[PDB]
Amino acid sequence: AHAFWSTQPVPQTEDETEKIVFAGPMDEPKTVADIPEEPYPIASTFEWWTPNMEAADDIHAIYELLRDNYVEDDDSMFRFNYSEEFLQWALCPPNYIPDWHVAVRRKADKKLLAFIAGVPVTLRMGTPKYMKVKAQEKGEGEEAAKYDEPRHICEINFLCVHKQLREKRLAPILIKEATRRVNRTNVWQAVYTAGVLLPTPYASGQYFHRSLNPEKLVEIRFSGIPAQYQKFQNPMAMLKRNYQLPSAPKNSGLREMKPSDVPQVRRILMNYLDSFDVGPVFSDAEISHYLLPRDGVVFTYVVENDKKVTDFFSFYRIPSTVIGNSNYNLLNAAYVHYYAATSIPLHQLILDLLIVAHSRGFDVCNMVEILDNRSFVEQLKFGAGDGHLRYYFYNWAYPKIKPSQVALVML
Ligand SMILES: CCCCCCCCCCCCCC(=O)SCCNC(=O)CCNC(=O)[C@H](O)C(C)(C)COP(=O)(O)OP(=O)(O)OC[C@H]1O[C@@H](n2cnc3c(N)ncnc32)[C@H](O)[C@@H]1OP(=O)(O)O
Ligand SMILES: CN1CCC(N(C)c2nc(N3C=CC[C@H]3CC#N)c3sccc3n2)CC1
Ligand SMILES: [Mg+2]
């Protein structure tokens with residue numbers, strides 16, 4: 001059934017994942033010395049390429065590959081169109097490893113044919129709370145706590161093979177070469193998400209959306225007027241009214257984050273994330289990188305009253321190409337990123353996120369039911385989508401957990 005994933009150090013079945021009690025590695029300990037120094041073999045017509053992410057032109061080539069060949073919805077109505085500014089942000093965080101960005105080009109014309117990216121992350125990935133309890137009950141605490149320390153691992157994203165090169169087993173070769181490059185830096189685990197079901201997720205959550213521009217969403221068939229709107233004389237008018245938001249934020253004290261906020265944001269975020277079983281640990285430089293506002297990419301607001309930052313939220317933009325329609329050629333989506341509330345209810349904080357996103361011309365707000373995202377779904381009129389995001393580790397045995405115990409946002 002899985003000619004590639006059966007050869008890899010991942011859980012092979014759902015059962016296996018449901019049996020796992022303690023976090024830890026799957027494969028045998030290896031050193032950097034054990035790992036081949038030479039790139040994985042590839043067909044003579046292709047070549048490995050390491051793009052320079054601080055080269056506008058290299059970013060551009062990656063951008064076009066993804067624009068034309070990255071994830072679509074199941075109806076081929078929308079294809080993500082991550083911007084070049086977004087890709088530089090995502091691909092080049094503090095202390096990134098240039099060699100973890102792996103491309104394949106056709107040797108002749110040097111056409112970019114495939115890509116995968118890895119970036120560093122520091123992740124808490126030790127045994128979940130409810131397994132450390134079963135463990136104490138069992139007299140098995142030391143084993144349960146062995147890998148409690150945050151680990152410096154790899155987060156994989158943006159795997160993409162050109163449409164003309166599909167179903168030729170190129171994706172496995174990319175994954176093998178990325179693994180080699182990561183392993184050669186003495187990193188042995190990776191975390192990745194996908195919409196598809198592979199062997200084998202440790203958590204899975206539904207997608208949710210909140211309409212901001214229902215008129216447009218209906219036009220492009222992102223949305224359809226649901227059946228109960230038919231018993232109305234003007235269904236569209238009732239839909240627009242349903243999703244209407246204030247023109248201006250409601251929280252006094254709300255403003256954009258600035259560099260001086262970085263310590264307080266790091267502290268309140270770390271306190272909040274601490275509480276989930278799987279979650280990132282950020283340095284000040286990483287808080288700066290992932291949360292300070294960047295035009296068209298990431299938008300972050302703090303609640304400061306009394307010279308004190310008590311709350312914040314962030315969202316990032318990913319537009320999609322609208323493949324079919326031609327009144328509109330882009331869907332402009334805002335995604336809930338990190339947040340922390342200490343002074344106001346989370347629904348009141350995130351309402352301001354929707355107000356701001358709508359004000360700035362976003363069409364829809366998306367999120368997965370990670371973090372405490374479920375706590376504001378109904379009041380803020382989110383609906384579940386058809387999709388799920390599945391979370392996976394490479395080379396890491398981990399108990400199945402609920403998505404509300406996951407605190408890692410993946411771009
Ligand atoms: C320690 C360091 C480790 C670092 C590595 C950690 C692992 C990282 C793992 C990657 C995490 C990526 C996270 C994201 O970026 S998820 C986003 C993935 N990208 C897209 O969906 C973009 C559009 N689709 C494509 O570009 C291609 O269809 C891809 C590249 C997805 C497959 O290309 P193609 O369609 O031409 O197929 P093939 O003949 O070459 O290959 C067939 C094999 O590929 C397995 N497959 C299919 N889809 C995925 C998928 N999304 N993750 C992992 N494996 C996948 C499939 O089960 C089969 O294996 P097996 O069933 O036969 O066994
Ligand atoms: C690897 N990733 C591709 C883009 C995905 N992203 C950004 C997304 N995905 C959505 N998917 C709905 C079905 C599965 C999944 C696609 C995949 N893969 C949805 S649904 C609404 C927003 C949204 N965003 C986030 C990480
Ligand atoms: Mg292929």
Side-chain angles (χ1 to χ4, degrees), residues 1-10 12 25-27 30 35 43 46 65-66 68-76 78-82 86 90 97 100 102 104 113-120 151-199 201 204-210 222 316-320 331 333-336 363-368 382-396 409-411:
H2 293 294
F4 168 70
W5 283 110
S6 68
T7 68
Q8 294 299 290
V10 298
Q12 293 295 306
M26 314 225 327
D27 257 354
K30 301 166 61 171
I35 307 304
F46 303 143
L65 177 73
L66 295 175
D68 301 336
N69 303 274
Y70 201 49
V71 177
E72 302 174 8
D73 70 299
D74 52 21
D75 293 332
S76 283
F78 309 99
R79 182 164 57 244
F80 294 107
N81 186 9
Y82 286 89
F86 189 110
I97 298 85
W100 292 7
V102 177
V104 176
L113 291 177
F115 181 65
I116 187 171
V119 293
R151 295 178 73 77
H152 298 270
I153 68 153
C154 179
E155 174 188 307
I156 293 284
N157 204 344
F158 301 109
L159 168 65
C160 182
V161 167
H162 194 285
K163 279 190 189 217
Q164 288 186 318
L165 273 306
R166 299 275 177 89
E167 313 211 292
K168 293 167 195 318
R169 309 311 289 184
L170 188 52
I173 303 156
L174 262 175
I175 292 160
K176 279 181 158 193
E177 177 61 10
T179 302
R180 191 197 66 81
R181 292 177 182 208
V182 176
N183 284 169
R184 293 276 301 161
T185 69
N186 203 34
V187 168
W188 303 93
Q189 281 77 51
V191 62
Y192 50 104
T193 56
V196 295
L197 187 65
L198 306 163
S204 183
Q206 276 183 296
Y207 270 102
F208 289 77
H209 56 264
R210 205 293 183 183
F222 176 91
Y316 57 82
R317 168 169 183 268
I318 307 165
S320 287
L331 166 70
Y335 280 76
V336 179
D363 301 322
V364 64
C365 179
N366 291 310
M367 66 187 186
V368 182
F382 287 77
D386 263 348
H388 295 79
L389 188 65
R390 278 111 180 182
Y391 277 76
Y392 301 95
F393 288 125
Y394 185 84
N395 188 31
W396 195 250
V409 176
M410 284 225 37
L411 301 175

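Starting from 1, each residue takes its place in the sequence as its number. Side chains included, hydrogens not; waters and symmetry mates left out as well; all remaining heavy atoms used. Counting convention: from 1, in listed order, for ligands and their atoms alike.
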Heavy atom under 4.0 Å from ligand 1: found in [X]'s side chain, backbone, both, or neither?
X: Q189; answer: backbone
X: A178; answer: neither
X: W5; answer: both
X: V182; answer: side chain

For [atom], which of [options] has the closest heavy atom?
atom: atom 37 (O) of ligand 1; options: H162, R79, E167; answer: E167
atom: atom 62 (O) of ligand 1; options: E155, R390, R169; answer: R169
atom: atom 19 (N) of ligand 1; options: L174, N157, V10, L159; answer: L159
atom: atom 22 (C) of ligand 1; options: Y70, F80, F4, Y394; answer: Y70
atom: atom 28 (O) of ligand 1; options: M410, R166, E177, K176; answer: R166
atom: atom 7 (C) of ligand 1; options: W188, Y192, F115; answer: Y192

Is it the case that the side chain of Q189 and the backbone of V187 share a donor-acceptor pair, with hydrogens and angles ignored and the cut-off at 3.5 Å?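 Such a contact is absent between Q189 side chain and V187 backbone.
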N/O to N/O below 3.5 Å, does that happen between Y335 and ligand 2?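 In this structure, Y335 places an N or O atom under 3.5 Å from an N or O of ligand 2.
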So is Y207 polar-close to ligand 2, meaning N/O to N/O under 3.5 Å?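 Yes, since at least one N or O of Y207 sits under 3.5 Å from an N or O of ligand 2.
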My understanding is that only residues two or more places apart in sequence, or in another chain, count here; which of them pass salt bridge (charged side-chain N to carboxylate O under 4.0 Å, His left out) with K168?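 By the salt bridge (charged side-chain N to carboxylate O under 4.0 Å, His left out) rule, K168 matches no residue at all.
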Does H209 have any ring-ring contact (aromatic ring centres under 6.0 Å, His included) partners at least two apart in sequence or in another chain, and if so, which?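 If we apply the ring-ring contact (aromatic ring centres under 6.0 Å, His included) test to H209, skipping adjacent residues, the hits are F222.
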Side-chain touch [X]/[Y], heavy atoms, less than 4.5 angstrom:
X: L197; Y: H388; value: no
X: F393; Y: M26; value: no
X: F208; Y: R210; value: no
X: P120; Y: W100; value: yes
X: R317; Y: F86; value: no

Contact atoms of ligand 1, heavy-atom distance to [X] under 4.0 Å:
X: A190; answer: 2 (C), 3 (C), 4 (C), 6 (C)
X: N69; answer: 23 (C)
X: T193; answer: 13 (C), 14 (C), 16 (S)
X: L170; answer: 40 (O)
X: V161; answer: 25 (C), 26 (O), 30 (C)
X: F158; answer: 15 (O)

Compute the minimum heavy-atom distance from [X] to ligand 1 and say whether it is under 4.0 Å.
X: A3; answer: yes
X: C154; answer: no
X: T179; answer: yes

For atom 18 (N) of ligand 2, what's the nearest protein heavy atom and its distance?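 In this structure, atom 18 (N) of ligand 2 has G195 N, 3.2 Å as its nearest protein heavy atom.
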Nearest-neighbour protein heavy atom for atom 1 (C) of ligand 2, which is reported as residue plus atom name and distance: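 Protein heavy atom with the smallest distance to atom 1 (C) of ligand 2: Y70 OH, 3.7 Å.
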